[PDB]
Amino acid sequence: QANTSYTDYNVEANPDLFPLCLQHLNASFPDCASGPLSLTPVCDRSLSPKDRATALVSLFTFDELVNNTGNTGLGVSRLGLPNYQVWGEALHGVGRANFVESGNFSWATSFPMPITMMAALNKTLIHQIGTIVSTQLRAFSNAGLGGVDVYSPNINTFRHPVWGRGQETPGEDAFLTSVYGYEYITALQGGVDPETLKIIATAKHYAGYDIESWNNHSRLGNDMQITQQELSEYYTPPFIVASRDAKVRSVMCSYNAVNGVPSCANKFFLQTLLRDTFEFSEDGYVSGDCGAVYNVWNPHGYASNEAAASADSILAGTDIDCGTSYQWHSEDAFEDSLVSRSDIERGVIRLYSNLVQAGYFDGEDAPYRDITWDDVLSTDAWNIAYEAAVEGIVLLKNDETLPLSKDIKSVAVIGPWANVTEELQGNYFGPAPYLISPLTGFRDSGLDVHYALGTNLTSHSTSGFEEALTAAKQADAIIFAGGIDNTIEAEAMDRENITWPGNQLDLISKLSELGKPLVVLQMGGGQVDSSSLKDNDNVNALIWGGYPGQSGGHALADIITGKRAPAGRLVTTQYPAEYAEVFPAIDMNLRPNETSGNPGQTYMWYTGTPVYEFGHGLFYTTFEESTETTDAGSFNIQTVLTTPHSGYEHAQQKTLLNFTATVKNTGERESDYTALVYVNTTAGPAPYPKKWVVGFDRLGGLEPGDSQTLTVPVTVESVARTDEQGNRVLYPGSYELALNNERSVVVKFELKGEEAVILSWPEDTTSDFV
């Protein structure tokens, strides 16, 4: 929109936002002691948030209202209503506060990227970080340096491995992504629909958004063809969970179209589904992605101008425009009879319902108003970012090499990922209090370190090889830190392949033939084809370290030297190179279609051979896994569904059966243990998924000898499939619960009865209406 020359947003993946949208605002709180509003209903603490918000907007002139239909809410000086910035970010720590150059509020804790947080498979870990981010976010708010709402979390799934933003997500599995959303949102908002909101959270991006730019398919003009079945079974569950169970107070609509219609002008998505089917809060508000309302016009061409795009987005259910479409066109839209003042007011009343519920009109004694810089120091000082990295690092391969022998007194650190700063933080990060590179990790672990760059991330020169080989000879063992970073994968930048970049592999190879202990760190969010490192016996060890944040190097060093043990596991498939070549990344169809070239997408449908599988992880010890009841027997569907469901809003929310096992440490070392429980079945229509996650746990501190019992509730909804109309359906038949990919322990069960619908999928009568 603010382009200075012709820009084709069918190909360009970054909008040109006007400065008003990008303007950071100085936060203050309205005054209900003596300001113009003190004697009005908005300051009456005995009325609902909706009545108080409604009374507030009633005072505005139209000009003042429109100034507050955008993310950069300019306020109303006349009523002592401050400017308010809706655009906050908390992907993995405070992301978009008004950071001071130095001193107080110059940094906030930078936790690992979500792709790495999820790998820990510790639902409590995700919760605890949210609580920490939530507190730091409040410290910034209370020093007038931020809002009380953030555009987090990303609960899209890493469907296709090229996605430049898959690093922001809890991986390719809807079940794990759902649980991520629930724990983070409940942590951000300060409880399950609680009396006072701590921080207003925002599930993004709703929906069908999992491509930036692959082969010039710009997110801003993408129209994704998705079946009601896959929309229901895959693309929306995390949103259903955020909306229905986490009681998320906000949803951001995506840039893309789905079945002809941009998300933010999509009645079916916003009204029929989110509002009429997923029980989105009565007072909840929808925010456009920055520029998304403009995109309904340019380049989707769903609306013929920015005034019609504004009208179509408001009438569909987009409450706040991240952008300048509402602010600069909602007046045109009104004068052209495209919307009513009441339409434009609906979005603002909803926003301020949430701010009232966050104590915004309640003065200095309100909840959370007492949080200071000292709470950022104290919460950071817990070093949960270190802990998070230590739990989330994944061992893909090991032959006794790790941990490092008593013998190894010196070690050669090599590769483009050894000497790094902000590479640790992935994206949507704020200034961190420090950044410990892997190099600085090993120096601090007290081994003699010999550094050599060797190669740059995307180099074809051998210039650096000589110096690296000679450093590797000096030393007792080789740590090679390579992979990808945001120079390869970022927002507006999908990968065009899923292979290691440059000549990093060529260098790892030469280091293999030196009879030296060779450890490879594969870093980045997306997965790279490590097939060559798999079937090469001289590469001893392989670690996926994702994006491990402010203390990543202490974490990686401490895993390697065995000061801590790894238990993390992959939360995406590592596909072979050819996967990214054989069918287009903008084909949303998950089910294998031989005619098209689609081998089926995600662990659930893929009919080729992963290099490393979704769920794959290793430990510095061995586990004996087994169970009391290895056939939990039959259950009647009509019986399960027709008993009381005391404690649950929905019958299908109940535990169908526990998955139980015993897990004994039968190896050298103390360690944590992670489990991912899958189901598979021939129940329901063909085709059939291979398996699908229905739970996960992390057991802690298993000394050798020690046993702990793993207990994973399989809920009724978790084993239901989905029909051709999108209804979630319990089908009768034969089911197996398998522990990890090796199927350590198998509990079988039969669903007896007739089919039952547990969620009715509304018909889409609006998308293609004439």
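Quick note: we count residues from 1 along the sequence shown, nothing fancier.
Enquirer: On mean Cα temperature factor in this entry, is 549-557 or 294-302 the higher one?
Expert: Stretch with the greater average CA B-factor: 549-557.
Enquirer: As stated in the PDB record, which stretch has the larger average Cα B-factor, 710-718 or 58-66?
Expert: Looking at the recorded C-alpha B-factors, 710-718 comes out higher on average.
Enquirer: Which is it among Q85, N216, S102, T318: the one with the largest CA B-factor in the entry?
Expert: Of the candidates given, the C-alpha B-factor peaks at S102.
Enquirer: Looking at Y612, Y151, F158, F334, which has the highest Cα B-factor in the entry?
Expert: Most elevated C-alpha B-factor of the set, per the entry: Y612.
Enquirer: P732: which third of its chain by C-alpha temperature factor?
Expert: Its C-alpha B-factor, which the entry lists for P732, ranks in the highest third among residues of this chain.
Enquirer: Quick one: classify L751 as lowest, middle or highest third of the chain based on its Cα B-factor.
Expert: Within its chain, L751 is a highest-third residue by C-alpha B-factor, going by the deposited values.
Enquirer: Would the CA B-factor of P704 place it in the lowest, middle or highest third of its chain?
Expert: It belongs to the highest third of the chain when residues are ordered by C-alpha B-factor.
Enquirer: Looking at the entry's B-factor column for C-alpha atoms only, identify whether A53 ranks in the lowest, middle or highest third of its chain.
Expert: It belongs to the lowest third of the chain when residues are ordered by C-alpha B-factor.
Enquirer: Sort the modelled residues of this chain by their C-alpha B factor and say whether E649 lands in the lowest, middle or highest third.
Expert: Within its chain, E649 is a middle-third residue by C-alpha B-factor, going by the deposited values.
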